[PDB]
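Before any questions on binding or motion, here is one chain by itself as structure tokens, the form deposited without the ligand.
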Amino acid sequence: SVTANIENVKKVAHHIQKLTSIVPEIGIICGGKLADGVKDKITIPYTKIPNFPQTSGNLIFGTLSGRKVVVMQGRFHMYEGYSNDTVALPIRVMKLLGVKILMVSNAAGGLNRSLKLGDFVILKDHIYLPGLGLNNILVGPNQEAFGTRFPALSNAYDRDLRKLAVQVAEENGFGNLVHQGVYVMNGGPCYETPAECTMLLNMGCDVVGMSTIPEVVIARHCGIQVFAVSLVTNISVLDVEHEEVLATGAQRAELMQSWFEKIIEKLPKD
């Protein structure tokens, strides 16, 4: 892995800047239709970016709702074995590219008993189990260029962005699907046992997933404002103690794409 220090991040950023003229203000990490809505877009496969982590995923530049965006199509999940530096690099690259707001979605298990399949849970906070347990993405020498040794995670999930997202949902008639909640990261890749889910629920967790927190931590560390939503893709089984016709349509994607586009449209500009 190449260290996510100022020097390497600059190199990758500079390379990307030679491929696109688009200075992204908003970065989006796709937990997939979004990219499709992007206009006047350049698609840069990771494979074409020297020193960029490989998953091939694409970096997509263009405009969305009249805003310059960089979209990550292909994430680096820790359960895959990616290093802290590999996961951190793209976010820090976004920082150097001009990204001020990071919007991310993920799939999560609904722990909260009031959640419904396909609900949206806006992250208003998280519990970073790996981070509490000495697998925090920031462990290692602090990269001072990007942020402080001991980042505070207060307002990690920008309250204004959260308010905005909620309003946009409300206005476009799907406020009923939208919740705010605490996301706990399970390092994965095992789904959580019922005992784990029960514990996580009782810990005050609403949704559980294997992603996002590390990117959020890096983003916050370098001052990028964060908006994150979990799609409740399954209801966690809490009880350790018959198949039907199932529709698994990418309609949450369309809704979520629309939601993101409409949020981006209303983001304050400069």
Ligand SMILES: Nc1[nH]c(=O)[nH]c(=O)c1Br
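By rigid core we mean the largest C-alpha set that fits within 1.5 Å across both forms. A residue's number is simply how far along the shown sequence it sits, counting from 1.
- Between 250-258 and 11-19, the larger root mean square Cα shift in 8 other deposited structures of this protein, once each structure is superposed on the rigid core, falls on 250-258.
- According to the record, no deposited residue between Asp40 and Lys41 is left without atomic coordinates.
- Counting the deposited residues that fall between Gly31 and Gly32 and carry no coordinates gives a value of 1 to 3.
- Mean CA temperature factor is higher for 164-172 when stretches 164-172 and 126-134 are set side by side in the entry.
- Per-stretch averaging of Cα B factors for 108-116 and 194-202 places 108-116 on top.
- Looking only at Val229, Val232, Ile26, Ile49, the residue with the top Cα B factor in the deposited structure is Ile49.
- Looking at the C-alpha B-factors along this chain, the one for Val240 belongs to the highest third.
- Per the deposited record, the Cα B-factor of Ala35 falls in the highest third when ranked against the other modelled residues of its chain.
- Placement of the Cα temperature factor of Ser83 within the chain: middle third of the modelled residues, per the deposited record.
- The entry lists a Cα temperature factor for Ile60 that places it in the middle third of the chain's modelled residues.
- Among the modelled residues of its chain, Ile44 has a C-alpha B-factor that falls in the highest third, as given in the PDB entry.
Same protein, other form: the form solved in complex with the ligand, not shown, and the subject of what follows.
- Interface membership of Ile91, defined by any non-hydrogen atom within 4.5 Å of the ligand in the bound PDB entry, is ruled out.
- Contact annotation for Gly181: none of its heavy atoms lies within 4.5 Å of the ligand in the bound PDB entry.
- Among heavy atoms of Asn234, some come within 4.5 Å of the ligand in the bound PDB entry.
- Taking non-hydrogen atoms only, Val208 approaches the ligand to within 4.5 angstroms in the bound PDB entry.
- Contact with the ligand in the bound PDB entry, defined as a heavy atom within 4.5 Å, holds for exactly one of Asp85, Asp158, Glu192, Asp125, namely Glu192.
- With the partner omitted here, the residue from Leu115, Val166, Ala107, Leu129 that has a non-hydrogen atom within 4.5 angstroms of the ligand in the bound PDB entry is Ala107.
- This chain is displayed without the ligand, yet in the bound PDB entry the stretch 107-115 from 107-115, 138-146, 170-178, 92-100 comes within 4.5 Å of it by heavy atoms.
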